[PDB]
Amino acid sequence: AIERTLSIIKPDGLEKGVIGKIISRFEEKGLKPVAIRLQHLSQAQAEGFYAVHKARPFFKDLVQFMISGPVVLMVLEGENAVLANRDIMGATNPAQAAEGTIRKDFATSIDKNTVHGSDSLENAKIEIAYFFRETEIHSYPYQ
């Protein structure tokens, strides 16, 4: 039941100074950060990561925003982590995000929506391998 999923705090999250608050949201929910790395993505990295949206019309802006500032890359671990993550994140459009979700509480607009999360276990594996070596991920007990 324990899975690992990718979480990324987008540039607006760091600029709003809410890195800690966001991380706490996961921790309080049982989503254990087992890998964390603040990094400034290059255009090549963002494009390759979001390649699935190349045919889409906002892709170019998505890429620019994703490289406008540094982000915080994280791997969350827990039971049904992929889904749990999507739940706490909330809807893509902050306006439609549920109460208490990261996006409803911190997101500005649909373009600047503070966080990213793997949409599936399949994509989680890919996204995690894109940004982390297995040797960079470390689980630990909660006690």
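The first residue of the shown sequence is 1; numbering continues from there.
Comparing 95 to 103 with 26 to 34, the stretch with the higher mean C-alpha B-factor in the PDB entry is 95 to 103. In this entry, the higher average B-factor at the C-alpha atoms falls on 48 to 56, of the pair 64 to 72 and 48 to 56.
In the PDB entry, the Cα temperature factor peaks, among 109, 80, 42, 39, at 109. Note on the listed residues 127, 122, 134, 15: the highest Cα temperature factor in the record is that of 122.
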